[PDB]
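Numbers and lists here come from the model and the stated rules, or from a named source; none is laboratory data. Every residue, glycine among them, receives a Cβ derived from its backbone with ideal geometry; neighbour counts consider all protein chains shown.
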Amino acid sequence: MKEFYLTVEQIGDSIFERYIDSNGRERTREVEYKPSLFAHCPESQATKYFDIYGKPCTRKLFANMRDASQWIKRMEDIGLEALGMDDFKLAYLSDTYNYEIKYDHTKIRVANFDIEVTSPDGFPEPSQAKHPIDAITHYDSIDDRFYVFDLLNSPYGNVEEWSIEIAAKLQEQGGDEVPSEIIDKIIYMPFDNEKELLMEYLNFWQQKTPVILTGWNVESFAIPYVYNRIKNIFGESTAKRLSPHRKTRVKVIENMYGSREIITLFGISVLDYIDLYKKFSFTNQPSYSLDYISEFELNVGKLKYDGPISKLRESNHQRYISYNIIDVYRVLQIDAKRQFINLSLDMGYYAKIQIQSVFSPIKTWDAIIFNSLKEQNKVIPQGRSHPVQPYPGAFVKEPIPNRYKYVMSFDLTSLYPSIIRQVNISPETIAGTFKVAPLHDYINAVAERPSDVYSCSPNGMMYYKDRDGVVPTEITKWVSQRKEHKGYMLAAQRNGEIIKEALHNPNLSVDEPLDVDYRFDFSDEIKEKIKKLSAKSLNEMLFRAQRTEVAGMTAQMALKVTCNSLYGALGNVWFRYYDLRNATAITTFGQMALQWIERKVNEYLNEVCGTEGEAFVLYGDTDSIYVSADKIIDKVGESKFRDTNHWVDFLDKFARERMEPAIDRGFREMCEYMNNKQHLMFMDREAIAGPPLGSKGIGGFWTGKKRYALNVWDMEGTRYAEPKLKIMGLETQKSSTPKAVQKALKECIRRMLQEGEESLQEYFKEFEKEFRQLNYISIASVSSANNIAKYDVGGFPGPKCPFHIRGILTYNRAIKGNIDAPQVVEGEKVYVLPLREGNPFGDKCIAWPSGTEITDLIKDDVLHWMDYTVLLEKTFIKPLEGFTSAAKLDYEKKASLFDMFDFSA
DNA sequence: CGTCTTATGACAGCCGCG
DNA sequence: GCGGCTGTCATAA
Ligand SMILES: [Mg+2]
């Protein structure tokens, strides 16, 4: 009923807009938008417009956008500030939609497609589009259909029609295993020549023009190829037809290495899912191929084919088309799980930006703050250029490398946004400065009180207490939204453990899963039904609860990063509200806050245990403290606990009823000390970690900063059915560590924390024996391939050449001259294996594209010359040496006087 | 989109050192 | 041979 935009675009003096109207139909505008900009004026000229500092401004209405834009630059030639929203697209959206936008996703045309191109030359470069497009699968969210465009005849072979009957059948019948739930949604259309296929695709494109266009590498491959191929056959004008406003532009992306070209389609928002994944998944992956991510996300994988992909359409055209359809579907399957598109939509409409601007936190916040200031008749300052300057960040405590038996951790909730709100940090709320004492003096409360009238930060900054800042006001809206979605997420997590516990002792019956909302804790009535439920329907409930959890994670993690990005933007020279005073004010307050409460926790627990000077806090990073619970348990005596859950319950109550109130009054005192606007430093308990009761097992260990492992029984309110390992920083968490090595090192840790030294020594022995029999990919290292050309000296390694780069140059020599094997792509990742000396390849290592097997033309030699000893030492033994040294254990039993006896019975 | 931030670790190349 | 130094790549916040 209320109308909303789809895409907005500026072309010359006109604004081009696609939108849904009051009746719910998609329409297009061409508006000659008249933009306003502002200039400072004297006190006499009474207006309603004021800048953020309170100074008056006069309004300048322009005849067109060209006039407004060129008024800005000649204001600089005089040397005067040109105020207001210079991005006229954002100005238009704000005027046209001066209310909270409530959109309808069912009316937004979201499309994802993928292309197939047969190429014997090697990789088909989008910039050249030298080879025919032989397949296109295009999914439309409004129709809910997969549109398949098949080429029967090309210079690379004539093929028969694709059979949907064969596609549906299982591999064991000679079928393709195309998921049954999409079979009835496939609209198939074969073509005699490329020109007919490409011409009908454009007609289809006009009839159903995408608003959000997505897919896997659509921006870097699919879109450019379809654009350039149409251009080369039909002409530039016909290629422009992919744009609703017939306007396209080649955009050049250049970073600290090389450059690449993409194609901007005006009037369409392109959200490449590979980029949504990298931004919002919070995972670093060894490979970013669709087959690899699909396997990680959905535990599926694809049916394997014989021969190279360049010969696939020839040998097996049936599978060729089927795989293309499947690939278009898995993006949708990943989105069903992660929900990054819905996230992007909610975010973009809230900020009132082009949907693709979700990739730019600076644009996002610049729009949010502008809209907030516009409501109050206030005028935003001009964007000014600044030199890049370093500034201090968080505090990280230097831990003593040791094992730690009983550990309990605490985190500050939304630290940086909370500091902003507590101290009232904002551009227009700066009051002044005070003489700053050493940071240590504020921590112990020995320094004099900074101000009696203003809200202070230990970096020397003072802020107004009565005035509410734009930044604190707009951040408040976001943090309360995170509290809700994290609440849903944690309840889904808690509900998951109840079900996991029910899978241990199930009841074999024929029933269905219970219809419940997993975002809320199960009631007693639902719990008793779960106990009498079948393992089949329990596994379905578990799948659904975890899927609800993942949906909760996505939402809360995105709000987390967007809020932290506001702090981050303050330290970025391009942000309209760039201010290192405000940036440092935040980080210095945090530094004091962490170290302050460390002192308080140490004081409290010493009084509680009847001792003095004992160091209870062992570690901290930014907003967290890790407390040694050894003494707390010892004061009671661990003989008084009947099982593991007993002492976990005890520390839980100790934290909630004793430590947290003591923490609250500590921070409350600090609030008075800094004279802050409001007390918002709240600390929740996170981990309760320790060994199983009665077992050998070290519970946890630290090796250094950002590197530790814990055996966690309870995390932030969720009581695990089985203890989960919390490992931070260690090699098991790095995408560069081989897959099999990660798994082995994790088991090493698990045995250390839960079972003890003798168990570790046992597993080491067995892994060391069966090491050589592991899949070569699973034991291969991963690294990013940057600056290959920089170290390439006539095919051979130059000075200071990194290990993985040495591998690539070896690979390139091995595949040199032969028509085309898989090529290593600049900027992407590679597998790395060490080679034994004397190998037919030039060097001590080899590298090839990750997520793939090496060429069969070189595979057997690599396997034969693999250096297993160097690989075991570098990737497995050396890291395990690190863990065991820290924990004061041996992974290998040291020589003893006992060796001079015979213990074999 | 290509204009969120700092802190901090491991590891390999190069090179000194009778 | 190992330790200092720097480049590179990765993570924790
Ligand atoms: Mg494809």
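Worth pointing out:
- Hits in region A:779-799 - residues which are under 19 Å from A:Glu828 (Cα atoms), among the aliphatic types (A, V, I, L, M) and either away from DNA strand C (no atom under 13 Å from the Cβ) or part of a strand (DSSP E or B) (or both): A:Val782
- Considering residues of region A:796-818 that are β-branched (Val, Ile, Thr) and touching a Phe, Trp or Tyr at 6+ places or on another chain (Cβ under 7 Å) only, the residue nearest to DNA strand B (Cβ to nearest atom): A:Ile805
- Among the residues of region A:819-840, the ones that are closer than 25 Å to A:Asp121 by Cβ and either surrounded by fewer than 22 Cβ atoms within 10 Å (Cβ to Cβ) or more than 16 Å from DNA strand B (Cβ to nearest atom) (or both) come to 10 in all.
Matching residues to (1) part of a loop (DSSP other than H, G, I, E, B); (2) over 27 Å from A:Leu566 (Cβ atoms); (3) not assigned by CATH to the domain that holds A:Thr413:
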| position | (1), (2), (3) |
| --- | --- |
| A:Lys477 | no, no, yes |
| A:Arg482 | no, no, yes |
| A:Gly487 | no, no, yes |
| A:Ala492 | no, yes, yes |
| A:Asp511 | yes, yes, yes |
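- So A:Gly697, is it touching an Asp or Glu at 6+ places or on another chain (Cβ under 6 Å) and in contact (Cβ under 8 Å) with a residue 40 or more places away in the chain: yes
- Of all the residues in region A:40-56, those that are in a strand (DSSP E or B) and touching a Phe, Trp or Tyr at 6+ places or on another chain (Cβ under 9 Å) number 2.
- Subset of region A:458-473 [closer than 27 Å to A:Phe395 by Cβ and in a helix (DSSP H, G or I)]: A:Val471, A:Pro472
- Any hit, region A:203-221, residues being of a type in the set (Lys, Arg) and in contact with a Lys or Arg (Cβ under 8 Å, 6 or more places away or on another chain): yes
- Unmet requirement for A:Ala583, which otherwise passes all of (1) surrounded by 20 or more Cβ atoms within 10 Å (Cβ to Cβ); (2) more than 9 Å from DNA strand B (Cβ to nearest atom); (3) assigned to a helix (DSSP H, G or I): (2)
- Filter result (surrounded by 13 or more Cβ atoms within 10 Å (Cβ to Cβ) and aliphatic (A, V, I, L, M)) within region A:846-859: A:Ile846, A:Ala847, A:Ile854, A:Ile858
- In the set (1) under 22 Å from A:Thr413 (Cβ atoms); (2) more than 9 Å from DNA strand B (Cβ to nearest atom), A:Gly568 fails one condition alone, (2).
To keep it simple, each residue is scored yes or no on (1) surrounded by fewer than 18 Cβ atoms within 10 Å (Cβ to Cβ); (2) within 34 Å of the chain's Cα centre (by Cα); (3) closer than 30 Å to A:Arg403 by Cα.
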residue: A:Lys816; (1), (2), (3): yes, no, no
residue: A:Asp861; (1), (2), (3): yes, no, no
residue: A:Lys878; (1), (2), (3): yes, yes, yes
residue: A:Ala886; (1), (2), (3): no, yes, yes
residue: A:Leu897; (1), (2), (3): yes, no, yes
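- Applying a threshold of 9 Å to beta carbon distances and a minimum spacing of six or more residues, or different chains, the list of pairs starting in region A:282-301 at a residue that is surrounded by fewer than 16 Cβ atoms within 10 Å (Cβ to Cβ) and ending at one that is of a type in the set (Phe, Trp, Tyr) reads A:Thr283/A:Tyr277; A:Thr283/A:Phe296.
- Residue match in region A:88-110 (condition: in the same structural domain as A:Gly12 (by CATH), within 16 Å of DNA strand B (Cβ to nearest atom), part of a loop (DSSP other than H, G, I, E, B) and touching a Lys or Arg at 6+ places or on another chain (Cβ under 9 Å)): no
- Listed conditions (1) out of contact with any helix residue (DSSP H, G or I) (no Cβ under 8 Å at 6 or more places or on another chain); (2) surrounded by 22 or more Cβ atoms within 10 Å (Cβ to Cβ) are all met by A:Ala135, apart from (1).
- The condition (being of a type outside the set (A, V, I, L, M, F, W, C), buried (at least 19 other Cβ atoms within 10 Å of the Cβ) and not assigned by CATH to the domain that holds A:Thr644) is satisfied by just one residue among A:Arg707, A:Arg751: A:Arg751.
- Residue count for region A:777-795, restricted to those that are buried (at least 17 other Cβ atoms within 10 Å of the Cβ) and away from DNA strand B (no atom under 16 Å from the Cβ): 1.
- Residue check for A:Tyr604: more than 16 Å from the ligand (Cβ to nearest atom), assigned by CATH to the domain that holds A:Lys397 and out of contact with any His (no Cβ under 8 Å at 6 or more places or on another chain): yes
- Of the candidates A:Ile326, A:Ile321, A:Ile334, the single residue that is more than 12 Å from DNA strand B (Cβ to nearest atom) and within 17 Å of the chain's Cα centre (by Cα) is A:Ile334.
- Residue list for region A:216-239, restricted to those being within 16 Å of the ligand (Cβ to nearest atom), more than 18 Å from A:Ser119 (Cα to Cα) and in a helix (DSSP H, G or I): A:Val218, A:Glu219
- Count - residues of region A:3-61 that are farther than 30 Å from A:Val470 by Cα and either surrounded by fewer than 16 Cβ atoms within 10 Å (Cβ to Cβ) or not aromatic (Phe, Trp, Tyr) (or both): 18
- Residues in region A:854-905 that are among the polar types (S, T, N, Q) and assigned to a helix (DSSP H, G or I): 4 in all.
- Count of residues meeting criterion [in a loop (DSSP other than H, G, I, E, B) and more than 10 Å from DNA strand C (Cβ to nearest atom)] in region A:800-817: 3
Condition check ((1) over 21 Å from A:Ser287 (Cα atoms); (2) within 16 Å of DNA strand B (Cβ to nearest atom)) across all residues:
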| residue | (1), (2) |
| --- | --- |
| A:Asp843 | yes, yes |
| A:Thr855 | no, no |
| A:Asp867 | yes, yes |
| A:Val870 | yes, yes |
| A:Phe876 | yes, yes |
| A:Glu881 | yes, yes |
| A:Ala887 | yes, yes |
| A:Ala895 | yes, no |
| A:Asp899 | yes, no |
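- Every residue from region A:59-86 that is farther than 22 Å from A:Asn371 by Cβ and either touching a residue at least 24 places away in the same chain (Cβ under 8 Å) or in contact with a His (Cβ under 9 Å, 6 or more places away or on another chain) (or both): A:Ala63, A:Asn64, A:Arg66, A:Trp71, A:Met75, A:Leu80
- Hits in region A:161-188 (condition: over 33 Å from the mean Cα position of the chain (by Cα), outside any loop (DSSP other than H, G, I, E, B) and surrounded by 14 or more Cβ atoms within 10 Å (Cβ to Cβ)): A:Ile164, A:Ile166, A:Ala167, A:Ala168, A:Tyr188
- For region A:1-28, the set of residues classified as touching a helix residue (DSSP H, G or I) at 6+ places or on another chain (Cβ under 9 Å), charged (D, E, K, R) and part of a strand (DSSP E or B) consists of A:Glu9, A:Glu17, A:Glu26, listed by residue number.
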